[PDB]
Amino acid sequence: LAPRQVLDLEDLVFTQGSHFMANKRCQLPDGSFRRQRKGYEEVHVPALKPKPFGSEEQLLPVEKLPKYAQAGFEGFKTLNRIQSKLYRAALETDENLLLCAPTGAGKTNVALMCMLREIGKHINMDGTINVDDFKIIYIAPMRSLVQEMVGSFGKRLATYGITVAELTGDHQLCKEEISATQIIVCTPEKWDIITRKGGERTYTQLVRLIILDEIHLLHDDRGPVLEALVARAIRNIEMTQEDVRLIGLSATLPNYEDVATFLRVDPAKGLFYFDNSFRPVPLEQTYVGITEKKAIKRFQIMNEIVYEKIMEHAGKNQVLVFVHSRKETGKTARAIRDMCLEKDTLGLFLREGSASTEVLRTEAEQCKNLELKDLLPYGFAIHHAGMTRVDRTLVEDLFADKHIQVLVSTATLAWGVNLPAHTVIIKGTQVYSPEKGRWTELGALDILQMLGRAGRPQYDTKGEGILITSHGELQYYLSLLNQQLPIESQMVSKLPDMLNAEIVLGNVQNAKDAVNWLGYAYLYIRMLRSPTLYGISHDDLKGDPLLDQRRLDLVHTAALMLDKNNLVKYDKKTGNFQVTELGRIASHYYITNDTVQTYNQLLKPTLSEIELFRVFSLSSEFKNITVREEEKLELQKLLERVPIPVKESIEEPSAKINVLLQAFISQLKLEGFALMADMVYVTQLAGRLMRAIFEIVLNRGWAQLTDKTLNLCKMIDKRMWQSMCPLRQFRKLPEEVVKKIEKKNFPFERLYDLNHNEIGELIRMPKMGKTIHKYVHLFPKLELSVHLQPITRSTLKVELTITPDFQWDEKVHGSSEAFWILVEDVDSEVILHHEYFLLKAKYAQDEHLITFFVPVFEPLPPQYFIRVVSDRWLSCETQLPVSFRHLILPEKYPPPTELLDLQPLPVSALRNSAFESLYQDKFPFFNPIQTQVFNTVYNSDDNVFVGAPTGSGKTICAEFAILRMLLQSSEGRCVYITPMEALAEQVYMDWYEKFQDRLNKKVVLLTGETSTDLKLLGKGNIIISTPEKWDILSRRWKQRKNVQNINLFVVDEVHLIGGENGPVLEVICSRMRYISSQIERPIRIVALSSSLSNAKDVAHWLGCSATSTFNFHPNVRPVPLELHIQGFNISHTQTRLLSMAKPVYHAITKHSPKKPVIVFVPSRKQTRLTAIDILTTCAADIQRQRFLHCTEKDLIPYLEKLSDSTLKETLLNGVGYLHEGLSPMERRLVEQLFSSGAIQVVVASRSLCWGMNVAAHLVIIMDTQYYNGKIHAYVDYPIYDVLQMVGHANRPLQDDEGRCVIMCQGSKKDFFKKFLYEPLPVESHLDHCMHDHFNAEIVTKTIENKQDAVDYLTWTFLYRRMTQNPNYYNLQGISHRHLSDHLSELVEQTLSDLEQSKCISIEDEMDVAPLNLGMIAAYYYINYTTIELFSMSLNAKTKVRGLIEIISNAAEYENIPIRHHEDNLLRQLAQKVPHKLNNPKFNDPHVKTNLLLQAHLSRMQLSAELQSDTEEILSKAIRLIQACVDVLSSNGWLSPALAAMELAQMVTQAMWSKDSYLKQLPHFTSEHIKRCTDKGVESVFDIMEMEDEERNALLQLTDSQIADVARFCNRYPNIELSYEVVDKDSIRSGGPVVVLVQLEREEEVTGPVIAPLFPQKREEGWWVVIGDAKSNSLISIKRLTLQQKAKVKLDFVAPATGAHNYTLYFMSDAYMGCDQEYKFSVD
Ligand SMILES: Nc1ncnc2c1ncn2[C@@H]1O[C@H](COP(=O)(O)OP(=O)(O)OP(=O)(O)O)[C@@H](O)[C@H]1O
Ligand SMILES: Nc1ncnc2c1ncn2[C@@H]1O[C@H](COP(=O)(O)OP(=O)(O)O)[C@@H](O)[C@H]1O
Ligand SMILES: Nc1ccc(S(N)(=O)=O)cc1
Ligand SMILES: [Mg+2]
């Protein structure tokens, strides 16, 4: 890299700040005349005549202006002279503009027209405007001007339904008032703070137009912030490639074109410059400089000059005087009034208009305080911001209405309000500047503004500007006000802070990045056009025209500064930057680097509040504050009144600052001017600086100093010491009241126990007694509850339940309340864990559960402490000791099985050549894991456990066991179970083409349906299944032989046993252990797993011996892993995500710049977005297509088969993505391209980490939480899901290593740092899912009594772990006795619950038996509570409406997710469905399924994920409906039962109860029905009996339409029924009555049931039913499948005597309207 040079930075800089002039000479216009007065020199320049109207230079009227821009212009008939040249520029082009004009010329309306244009392209046809589509930024230099603008602009655009809102000050992470607004108005340094925050593209993404008002501020010491701002923005336009319009508004000053360059303005098309001949009113300006320095006489001289100047106006004229003190307005107004009453008493009577009128108006307003009463009767008045109230806005009135004759006012009036005067006289021009620590000349920006108020636009002809100042070196002002003071760049002054900001953002990563950034600065353009002025020689410039040396030297110098102060780690060699937490905080809280060093140096855990106050005063933003003599006395008084001792700071500036702050909190009235100005300064800085110290110390875990610092933050905010009364924080509560309660030695906590009457009776003030009670209960108060379960001997899982215990009030609490959860050691010295909890208003009084892990150490202490502290409220916290007194730590886990460094095992150890073949073509030798394992699995016929990290090759370890089975047995059968369906389908693909193609042995994959699955188990050598599918088969293992005689049983990913749905896995694996040892032909168990801590427990459970148990440590992983965990201390997920964007790219380029990359993101929407970001970042880096490793031409043939539109675009750029909205085809395509090498990067959603057969070199996990709409919260990725993600970063054949970067919220970092490197512990949750499996065992009669239930548990993993980690399973005791006790108390509850729910019967306490409800739940695999609710909610008159409600309330649909902002989506659907729901809470999955079910019936296409959810719903719908039939028929109800069967078919075909049966046929629309309704065809029976020529002539056909419908009626069941009553003649009461039903189809043709709008491929089902229609009674029932010919018998019992009238029913569960009816009689 290039050599660098350390720079004398202080030399290169412009020391004079805004006052600096590289102006040299100064030419005056034609009026030159100088009128000396010995004591002071006078200089005049005359008003300018107005330039001539050019050829076709007319003034455009609003009439001609576009009809949509008319609004916001009532109050205007025509356009200004300036505004005419710019109408095309502003409203007809999107070109960047730079406008220069006299202040007052009307540049603002030009900015307004530009706004209108951006609004112009959001007109939305009928709907008036697209308010939520865009945003405009208006950057103004003064807070007073901003509020002025929000006012004016707010009126204009109110007719557009558009909102413009203020946003400047101390707004840290602003509220949703910025998300609602469309025009943001603010100051530079505000906007800078916002766009530094890392999460910024949420405020700025929508921003289409930003406006820089008074951009000459560039010249000021605030100048850099503008440069920083614009450089930052411009660079972003390049990155996102989203065009943003820049508009500059400046005053007529030199260098304007350099500024236009800076703004990327086209000199030909966007530069508009208007010299001072374009003023609103022509200006007669007068400048006077006091020659002599007699300072007392100075005021006397100065006040004499104002005197005579005012006199030359009197009766008809109006004067404005500007001075520079809140109190100087009063002095001056009275000083002149007395002056002109003792110096020849020149008439104030000469002032009051007429001879004595309007004097009564000025007297009728005289009843107002603040020395205004004294001036108003006369001709004088005053205006200042400082504490002036409504009077301020009334002096404004009378001046504007021309009653007030002489107004002297502070500068803020020039910005705050548009009231101009005929003549303006600026007095003195000196200002006390706190940060400079002295008196200096005021800003060039301020002078211009106020002196631009000379002459009222509609009532004046000439304006008179008088400028009184020092003669000494202030011809500078002539330069300013006559187009001659040049605009320079002040960047060097603020370089290292400005650099640091970008570094923290990720915008610059190295000196090179930096040096490029500098090129965006106005600094760069000036150094070019004026190199000598900036210390560059003419010779350097010609040799280095792009200033590559200087910009690197500049950067290098500032880099060393940030390094010295530890804001940034920088090495001179590579030139790379690393960001530190110190520099991160620095940038975020806007504090200079030198301060951060001081804090880093002085802070320490044991800091006292005394030393704390000391430290704050060493802040470098105070480095200029001195202690003046004229204020030493008053400081001494303050020091004696303030509470915190100030050591030996004595009369140093440190002491001054320290007590100034204390005085502020004590609310001490101050007296000394300047001393007040100083106080204001350190107080506004005090929030940030403290909050910064808080974060520094929070992060280091310093418990005590964290508490001190947060409290100090709150004292400054709430202006009260910590000892005072919490009630003071209520600002609407009489301050004498609070003083009364304070002086009582009374503890605040005791106020909660008193009522309004007792309160007053103790304050001795019975009036306020009731309103205090109101406030006490408004005060934030939380209850904390804790639950503990130890994980290892080093970490415990803590479940904190916070519960709000107060009344909410949006005018007191706002929309939320922030807290900090702090968990600390016994000594309360260390913060062990911490996180930020946010109580949103909507969910106040709602339960909040917070989970997290904490470290524990060898000899445990009694307790830890959880403290929950308000972020804003003083004396507002809640503490909770977490006792360890009864804590039993789990047993020490055994070491990992050692990795023997055996020499690698070649494929030749496998003998069989048909075997070796499917391996030899792949890899040369076996990894150290497979070699070590081999011997035991391929040679032995016994049980074995393998525990290695994912990516280690355990799959083929399992395959070893399978080869042996095929070797040892001809048609042997092995069962293989993976916990995930997407994994099941992955192995089946691998194994089918491995075992049925290569080895010619049938390989099968189980499905939902029982009958067809039974068949597959039969013909299969290799069986593949998820645990749930295998459970419903093996549940009846007695009745099924094929389950019993299986040779081999492989369990993969057995660590998932500790996850959700872990129970079912554990139950089946135990069922195999039970069976195997119960038939004496031992089944071989082979279990594969991630590295376990407690593998001994698993092996002993599954029959493995220690030796044949292979649990390796994660470091054993064949491809070594490089893990990096990157925390983000950002709580708001959307923000966290957005600020992870740049770090994702930067990670690719660092860790895997060439090799492939997978990025996981939490959602489908994120998947598309992150991809697009990577592209745009890439193209901005000038790379464009560095992730495409083929040519675009090569891809076209594949991308032709894509319809997504956008991954077509992204893949073309080398980046793909994956979610579940993509077609299975679209997925396969993308994966293929990735494995091939064509694309380097795919972004996949978290859900697809299980369904991906793709490996990268680098895996990036972007955030680790997903939103769960049910509990309105974000929840963590299961560790299982993350272990998997990381496994994707291994490619054994191509990389020397795998790399993983996890990006997570900071509160999560420490958790990942343990459970990724170390082995994993696992527990059972069988006990929390114990009912359904017991209920099934009692049905199968494996559990015949209570003892058998205890015996059954002895085969489970649960049984092993209860002894090893008792507190996890809440075994309050320890071992041996408590164990038998707890087992028996567990079986007791479950049987009780099952008995109470009608599922089982308990007889003699010991014995159990299945009941009806229990039989139906075991059969259909339905949770027992579902059928409890089914039998509880189904009556005699339930119809298909109530049936849907009941079925959707199934416990099965509980797990249906509610995603972010679907509550708005579901709310819409509800007001669009046939059957309305009452009180339907839209975070309830049941409410969701209910609507999603109607939408499916109503053939509605909707959101992608909703159709995707509908699929998971329908997938369980059938078994649920069938269950309902069973219950209604078990209860003898006729009506509901039949309607329930209708539901079964109408679900399958997706149609309603009275929808035309014509909808069963493909391609038919709702209009095709009425062209058959009128025609005479309203049935499917009709279209089958009419000839073919007449059939296709009916409606519109195609060749492929005829093909689909033909095959439809080749499977539409043809029905005919014959029946006889056996012994029809001889039948009596109480005797059996047999009805023999004959069934046969004539189709002969059969096949898969066609129901296009149904995700499952289901089979035909039929119910034959007998009932009494008259009395609503179901008499007999039988379900079957046709098989072409069938004989169904079903008998019942006869009534007392006579003959009855019955009905015979024949219903389908699949097709609509095949149903037959028959009336018959017996006896
Ligand atoms: N001896 C070997 N040499 C090189 N590559 C191998 C070897 N054995 C397996 N592989 C490959 O390594 C990849 C990872 O192996 P595998 O899928 O078995 O991981 P695992 O450790 O079993 O965990 P999981 O199966 O849960 O991902 C597979 O794609 C496989 O093809
Ligand atoms: N077409 C117009 N008709 C009447 N008044 C105008 C017109 N254009 C601008 N003005 C007035 O000129 C005054 C000063 O102009 P402003 O828009 O504040 O820009 P600037 O002061 O930055 O030049 C404003 O009070 C505004 O009302
Ligand atoms: N300021 C801050 C925000 C969030 C977090 S954390 N640890 O909850 O993510 C810490 C500090
Ligand atoms: Mg595996």
# chains A, B, ... in the order shown; residues from 1 in each chain; ligands from 1

$ residues_around --residues "residue A:131" --least-positions-apart "2" --cutoff "7 Å" --atoms "only C-alpha atoms" --output "PyMOL selection string"
chain A and resi 129+133-134+162+182

$ residues_near_ligand --ligand "ligand 2" --cutoff "8 Å" --atoms "only C-alpha atoms and all ligand atoms" --output "PyMOL selection string"
chain A and resi 75-81+83+101-110+213-214+249+280+418+452+457

$ write_last_selection --atoms "C-alpha atoms" --output "mmCIF file, in the first residue's frame"
data_model
loop_
_atom_site.group_PDB
_atom_site.id
_atom_site.type_symbol
_atom_site.label_atom_id
_atom_site.label_comp_id
_atom_site.auth_asym_id
_atom_site.auth_seq_id
_atom_site.Cartn_x
_atom_site.Cartn_y
_atom_site.Cartn_z
ATOM 1 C CA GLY A 75 -53.047 33.386 -0.894
ATOM 2 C CA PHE A 76 -50.949 33.710 -4.039
ATOM 3 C CA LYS A 77 -52.156 35.074 -7.382
ATOM 4 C CA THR A 78 -48.851 34.931 -9.295
ATOM 5 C CA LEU A 79 -45.248 33.710 -9.084
ATOM 6 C CA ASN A 80 -42.161 35.699 -8.054
ATOM 7 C CA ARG A 81 -39.470 36.922 -10.459
ATOM 8 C CA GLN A 83 -39.852 31.569 -9.102
ATOM 9 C CA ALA A 101 -30.738 34.499 -4.260
ATOM 10 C CA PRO A 102 -30.892 37.437 -1.867
ATOM 11 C CA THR A 103 -32.358 36.366 1.433
ATOM 12 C CA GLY A 104 -36.038 37.248 1.225
ATOM 13 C CA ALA A 105 -36.178 36.642 -2.532
ATOM 14 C CA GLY A 106 -38.451 33.610 -2.198
ATOM 15 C CA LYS A 107 -36.261 30.534 -2.600
ATOM 16 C CA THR A 108 -38.636 28.715 -0.263
ATOM 17 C CA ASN A 109 -41.616 28.607 -2.646
ATOM 18 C CA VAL A 110 -39.203 27.137 -5.187
ATOM 19 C CA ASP A 213 -31.971 25.266 3.201
ATOM 20 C CA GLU A 214 -29.296 27.923 3.799
ATOM 21 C CA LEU A 249 -30.853 26.877 -1.246
ATOM 22 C CA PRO A 280 -37.683 41.579 -2.469
ATOM 23 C CA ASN A 418 -41.830 36.419 9.222
ATOM 24 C CA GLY A 452 -32.693 40.271 5.345
ATOM 25 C CA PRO A 457 -42.518 43.352 0.904
#

$ residues_near_ligand --ligand "ligand 1" --cutoff "8 Å" --atoms "only C-alpha atoms and all ligand atoms" --output "ChimeraX atom specification"
/A:922-927,930,948-957,1052-1053,1088-1090,1253,1255,1284,1287-1288,1290-1293

$ residues_near_ligand --ligand "ligand 3" --cutoff "9 Å" --atoms "only C-alpha atoms and all ligand atoms" --output "PDB file with N, CA, C and O atoms, in the first residue's frame"
ATOM      1  N   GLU A 695     -23.944   3.633  29.049  1.00  0.00           N
ATOM      2  CA  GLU A 695     -23.783   2.525  28.116  1.00  0.00           C
ATOM      3  C   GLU A 695     -22.407   1.887  28.226  1.00  0.00           C
ATOM      4  O   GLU A 695     -22.293   0.667  28.226  1.00  0.00           O
ATOM      5  N   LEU A 698     -22.669  -0.066  31.455  1.00  0.00           N
ATOM      6  CA  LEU A 698     -23.636  -1.150  31.347  1.00  0.00           C
ATOM      7  C   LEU A 698     -22.918  -2.318  30.723  1.00  0.00           C
ATOM      8  O   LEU A 698     -22.901  -3.430  31.256  1.00  0.00           O
ATOM      9  N   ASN A 699     -22.318  -2.035  29.577  1.00  0.00           N
ATOM     10  CA  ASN A 699     -21.709  -3.045  28.744  1.00  0.00           C
ATOM     11  C   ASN A 699     -20.574  -3.790  29.442  1.00  0.00           C
ATOM     12  O   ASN A 699     -20.344  -4.967  29.170  1.00  0.00           O
ATOM     13  N   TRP A 820     -34.927  -2.063  32.228  1.00  0.00           N
ATOM     14  CA  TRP A 820     -33.725  -2.871  32.074  1.00  0.00           C
ATOM     15  C   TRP A 820     -33.772  -4.039  33.028  1.00  0.00           C
ATOM     16  O   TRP A 820     -33.823  -3.851  34.236  1.00  0.00           O
ATOM     17  N   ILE A 821     -33.737  -5.248  32.489  1.00  0.00           N
ATOM     18  CA  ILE A 821     -33.640  -6.430  33.322  1.00  0.00           C
ATOM     19  C   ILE A 821     -32.181  -6.683  33.676  1.00  0.00           C
ATOM     20  O   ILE A 821     -31.348  -6.884  32.801  1.00  0.00           O
ATOM     21  N   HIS A 833     -26.044 -10.869  33.439  1.00  0.00           N
ATOM     22  CA  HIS A 833     -26.796 -10.834  32.196  1.00  0.00           C
ATOM     23  C   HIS A 833     -27.626  -9.582  32.241  1.00  0.00           C
ATOM     24  O   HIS A 833     -27.906  -9.067  33.322  1.00  0.00           O
ATOM     25  N   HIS A 834     -28.010  -9.080  31.076  1.00  0.00           N
ATOM     26  CA  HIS A 834     -28.900  -7.940  31.028  1.00  0.00           C
ATOM     27  C   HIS A 834     -29.573  -7.770  29.705  1.00  0.00           C
ATOM     28  O   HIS A 834     -28.993  -8.041  28.647  1.00  0.00           O
ATOM     29  N   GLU A 835     -30.810  -7.310  29.771  1.00  0.00           N
ATOM     30  CA  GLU A 835     -31.524  -6.985  28.557  1.00  0.00           C
ATOM     31  C   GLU A 835     -32.590  -5.930  28.757  1.00  0.00           C
ATOM     32  O   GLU A 835     -32.959  -5.594  29.871  1.00  0.00           O
ATOM     33  N   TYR A 836     -33.079  -5.427  27.641  1.00  0.00           N
ATOM     34  CA  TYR A 836     -33.956  -4.285  27.601  1.00  0.00           C
ATOM     35  C   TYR A 836     -35.360  -4.799  27.354  1.00  0.00           C
ATOM     36  O   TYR A 836     -35.613  -5.453  26.355  1.00  0.00           O
ATOM     37  N   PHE A 837     -36.265  -4.517  28.278  1.00  0.00           N
ATOM     38  CA  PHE A 837     -37.645  -4.955  28.164  1.00  0.00           C
ATOM     39  C   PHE A 837     -38.536  -3.755  27.886  1.00  0.00           C
ATOM     40  O   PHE A 837     -38.402  -2.722  28.525  1.00  0.00           O
ATOM     41  N   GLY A1127     -22.592  -9.768  18.052  1.00  0.00           N
ATOM     42  CA  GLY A1127     -23.753  -9.221  18.719  1.00  0.00           C
ATOM     43  C   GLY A1127     -24.145  -7.845  18.218  1.00  0.00           C
ATOM     44  O   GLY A1127     -23.301  -7.060  17.795  1.00  0.00           O
ATOM     45  N   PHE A1128     -25.441  -7.561  18.259  1.00  0.00           N
ATOM     46  CA  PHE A1128     -25.943  -6.238  17.927  1.00  0.00           C
ATOM     47  C   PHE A1128     -26.812  -5.733  19.072  1.00  0.00           C
ATOM     48  O   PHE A1128     -27.908  -6.239  19.306  1.00  0.00           O
ATOM     49  N   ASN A1129     -26.313  -4.741  19.795  1.00  0.00           N
ATOM     50  CA  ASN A1129     -27.070  -4.160  20.894  1.00  0.00           C
ATOM     51  C   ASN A1129     -28.187  -3.274  20.369  1.00  0.00           C
ATOM     52  O   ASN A1129     -28.176  -2.060  20.552  1.00  0.00           O
ATOM     53  N   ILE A1130     -29.146  -3.906  19.702  1.00  0.00           N
ATOM     54  CA  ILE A1130     -30.299  -3.222  19.137  1.00  0.00           C
ATOM     55  C   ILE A1130     -31.532  -4.050  19.441  1.00  0.00           C
ATOM     56  O   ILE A1130     -31.596  -5.224  19.101  1.00  0.00           O
ATOM     57  N   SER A1131     -32.510  -3.440  20.095  1.00  0.00           N
ATOM     58  CA  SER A1131     -33.638  -4.192  20.631  1.00  0.00           C
ATOM     59  C   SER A1131     -34.766  -4.374  19.616  1.00  0.00           C
ATOM     60  O   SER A1131     -35.379  -5.435  19.543  1.00  0.00           O
ATOM     61  N   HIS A1132     -35.042  -3.334  18.842  1.00  0.00           N
ATOM     62  CA  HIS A1132     -36.131  -3.362  17.882  1.00  0.00           C
ATOM     63  C   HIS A1132     -35.735  -4.202  16.670  1.00  0.00           C
ATOM     64  O   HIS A1132     -34.849  -3.818  15.903  1.00  0.00           O
ATOM     65  N   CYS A1304     -26.577 -11.753  16.059  1.00  0.00           N
ATOM     66  CA  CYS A1304     -27.682 -11.865  17.010  1.00  0.00           C
ATOM     67  C   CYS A1304     -27.753 -10.661  17.912  1.00  0.00           C
ATOM     68  O   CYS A1304     -26.771  -9.944  18.073  1.00  0.00           O
ATOM     69  N   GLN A1305     -28.921 -10.438  18.499  1.00  0.00           N
ATOM     70  CA  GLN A1305     -29.054  -9.419  19.527  1.00  0.00           C
ATOM     71  C   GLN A1305     -28.049  -9.719  20.629  1.00  0.00           C
ATOM     72  O   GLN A1305     -27.798 -10.879  20.952  1.00  0.00           O
ATOM     73  N   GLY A1306     -27.467  -8.669  21.188  1.00  0.00           N
ATOM     74  CA  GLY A1306     -26.433  -8.799  22.200  1.00  0.00           C
ATOM     75  C   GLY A1306     -26.824  -9.638  23.396  1.00  0.00           C
ATOM     76  O   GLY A1306     -25.984 -10.326  23.970  1.00  0.00           O
ATOM     77  N   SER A1307     -28.104  -9.613  23.757  1.00  0.00           N
ATOM     78  CA  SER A1307     -28.588 -10.409  24.880  1.00  0.00           C
ATOM     79  C   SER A1307     -28.533 -11.901  24.612  1.00  0.00           C
ATOM     80  O   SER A1307     -28.906 -12.705  25.459  1.00  0.00           O
ATOM     81  N   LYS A1308     -28.067 -12.269  23.422  1.00  0.00           N
ATOM     82  CA  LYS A1308     -28.079 -13.655  22.992  1.00  0.00           C
ATOM     83  C   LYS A1308     -26.681 -14.183  22.742  1.00  0.00           C
ATOM     84  O   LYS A1308     -26.463 -15.391  22.778  1.00  0.00           O
ATOM     85  N   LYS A1309     -25.739 -13.275  22.507  1.00  0.00           N
ATOM     86  CA  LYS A1309     -24.348 -13.653  22.264  1.00  0.00           C
ATOM     87  C   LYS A1309     -23.761 -14.692  23.233  1.00  0.00           C
ATOM     88  O   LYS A1309     -23.187 -15.686  22.797  1.00  0.00           O
TER      89      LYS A1309
END

$ residues_around --residues "residue A:654" --least-positions-apart "5" --cutoff "7 Å" --atoms "only C-alpha atoms" --output "number ranges by chain"
A: 617-618, 649

$ residues_around --residues "residue A:652" --least-positions-apart "6" --cutoff "10 Å" --atoms "only C-alpha atoms" --output "list in words"
residues 625, 626 and 627 of chain A

$ write_last_selection --atoms "N, CA, C and O atoms" --output "tab-separated table (two decimals), in the first residue's frame"
chain	number	residue	atom	x	y	z
A	625	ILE	N	-14.34	26.19	28.67
A	625	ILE	CA	-14.97	26.86	29.80
A	625	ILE	C	-13.94	27.26	30.85
A	625	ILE	O	-13.17	26.43	31.32
A	626	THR	N	-13.90	28.55	31.17
A	626	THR	CA	-13.05	29.05	32.24
A	626	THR	C	-13.90	29.62	33.36
A	626	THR	O	-15.11	29.79	33.20
A	627	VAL	N	-13.26	29.92	34.48
A	627	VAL	CA	-13.95	30.54	35.60
A	627	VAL	C	-13.55	32.01	35.73
A	627	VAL	O	-12.42	32.34	36.09

$ select_by_dssp --residues "stretch 1059-1275 of chain A" --states "strand (DSSP E)" --output "VMD selection string"
chain A and resid 1084 to 1089 1109 to 1111 1121 to 1128 1157 to 1161 1215 to 1218 1241 to 1245 1258 to 1262 1265 to 1268 1273 to 1275

$ residues_around --residues "residue A:1452" --least-positions-apart "2" --cutoff "9 Å" --atoms "only C-alpha atoms" --output "NGL selection string"
:A and (1422-1423 or 1426 or 1448-1450 or 1454-1456 or 1513 or 1516)

$ closest_residue --among "A:1413, A:1632, A:740, A:980" --to "ligand 4" --atoms "only C-alpha atoms and all ligand atoms"
A:980

$ closest_residue --among "A:116, A:1469, A:1537, A:1696" --to "residue A:1490" --atoms "only C-alpha atoms"
A:1469

$ residues_around --residues "stretch 1322-1328 of chain A" --least-positions-apart "2" --cutoff "8 Å" --atoms "only C-alpha atoms" --output "list in words"
residues 1055, 1057, 1058, 1059, 1062, 1063, 1066, 1092, 1093, 1094, 1320, 1330, 1357, 1358, 1361 and 1386 of chain A

$ decode --residues "stretch 694-728 of chain A" --atoms "C-alpha atoms" --output "compact mmCIF listing (two decimals), in the first residue's frame"
# COMPACT_ATOMS: atom_id res chain seq x y z
CA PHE A 694 -24.17 4.65 31.24
CA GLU A 695 -23.78 2.52 28.12
CA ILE A 696 -20.01 2.22 28.51
CA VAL A 697 -20.53 0.95 32.01
CA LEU A 698 -23.64 -1.15 31.35
CA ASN A 699 -21.71 -3.05 28.74
CA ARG A 700 -18.78 -3.76 31.07
CA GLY A 701 -21.24 -5.23 33.58
CA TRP A 702 -20.32 -2.82 36.38
CA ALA A 703 -23.40 -3.20 38.62
CA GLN A 704 -22.79 -0.32 41.00
CA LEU A 705 -21.63 2.27 38.51
CA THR A 706 -24.37 1.27 36.12
CA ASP A 707 -26.87 2.04 38.87
CA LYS A 708 -25.17 5.34 39.70
CA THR A 709 -24.95 6.42 36.07
CA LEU A 710 -28.51 5.52 35.10
CA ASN A 711 -29.77 7.34 38.18
CA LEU A 712 -27.71 10.39 37.26
CA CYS A 713 -29.14 10.22 33.73
CA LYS A 714 -32.62 10.30 35.26
CA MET A 715 -31.88 13.13 37.72
CA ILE A 716 -30.79 15.33 34.79
CA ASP A 717 -33.88 14.39 32.78
CA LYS A 718 -36.36 14.69 35.60
CA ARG A 719 -34.56 17.65 37.27
CA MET A 720 -34.57 16.26 40.83
CA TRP A 721 -32.17 14.45 43.16
CA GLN A 722 -32.67 10.79 43.94
CA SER A 723 -33.61 11.45 47.56
CA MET A 724 -36.60 13.65 46.71
CA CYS A 725 -40.15 12.38 46.27
CA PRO A 726 -41.01 10.22 43.21
CA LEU A 727 -44.24 12.26 42.99
CA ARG A 728 -42.27 15.31 41.80
